[PDB]
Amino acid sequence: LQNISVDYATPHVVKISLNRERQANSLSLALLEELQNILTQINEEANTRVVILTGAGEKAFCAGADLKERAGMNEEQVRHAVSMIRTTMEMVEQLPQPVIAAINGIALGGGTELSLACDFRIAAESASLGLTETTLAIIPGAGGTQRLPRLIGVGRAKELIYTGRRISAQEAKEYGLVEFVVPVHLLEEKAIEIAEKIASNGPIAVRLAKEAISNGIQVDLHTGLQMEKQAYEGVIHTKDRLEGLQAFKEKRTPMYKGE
């Protein structure tokens, strides 16, 4: 409502925009509460197939945790606020639907952490990223130390976290931190395109694929293969799987319904 905007104008896709432009879309407690509420609702939306997360304006995706607010917090409040940010990251990652981060500007600290909590990332050429925490004598406390090395390797994650340096979208692409980079005015269009492609695939299968990958990658390969085996059981008794084969037989585009 106040700190976040939601857009359901695109069939099967929901667009969440951080809306605190004056504060560089930083994560305030109020914003986190609104975002948690929205994520709770989306979690139960069977008709929602893909989520896009972005920031309002052309300067910032998310500048991170709100420092004005952090500056006025005692130790107890700091702990509560960091807990609220961590929990929100978990809610984004555990959504049944794929979540696409559309990085429209600066994504620093908590902002990079937020993008890491998404399934994958698309950035504007003008975007900049970084985990700047060590420059302030703190560390990434919302998964930055964990999600970054998992995505891009320990070496790169270490140099980035130890230096706290800011990097360009192109550098981010080279390192594997962002999967796609596109001109600034084409960001929303490319995110919607990718989302619609995902939305055209079997919704039950896409959800099972997210679970299989996200959970299986956390363990040994042998166990991960067994999780994938159980996940696949989930598409066997679906009408969509039958439509896939029928469309193959009829030589046409399949049309899935999530059943």
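A residue's number is simply how far along the shown sequence it sits, counting from 1.
Chemist: For the C-alpha atoms alone, is the average B factor greater in 54 to 62 or in 199 to 207, going by the entry?
Modeler: On average, C-alpha B-factors are higher across 54 to 62.
Chemist: Hey, out of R79, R150, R86, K158, whose CA B-factor is highest in the deposited coordinates?
Modeler: Result of the comparison over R79, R150, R86, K158: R79.
Chemist: What third of the chain does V92 rank in for C-alpha temperature factor, lowest, middle or highest?
Modeler: As the PDB entry reports it, the C-alpha B-factor of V92 lands in the middle third of its chain.
Chemist: Would you please rank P98 by its C-alpha temperature factor against the other modelled residues of its chain and give the third it falls in: lowest, middle or highest?
Modeler: According to the entry, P98 has a C-alpha B-factor in the chain's lowest third.
Chemist: Compared with the other modelled residues in the chain, in which third is the CA B-factor of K229?
Modeler: Answer is middle: the recorded C-alpha B-factor places it there.
Chemist: Classify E33 as lowest, middle or highest third according to the C-alpha B-factor given in the PDB entry, relative to its own chain.
Modeler: Middle third, going by the recorded CA B-factors of the chain.
Chemist: So where's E113 on the chain's Cα temperature factor ranking, which third?
Modeler: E113: CA B-factor falls in the middle third of its chain.
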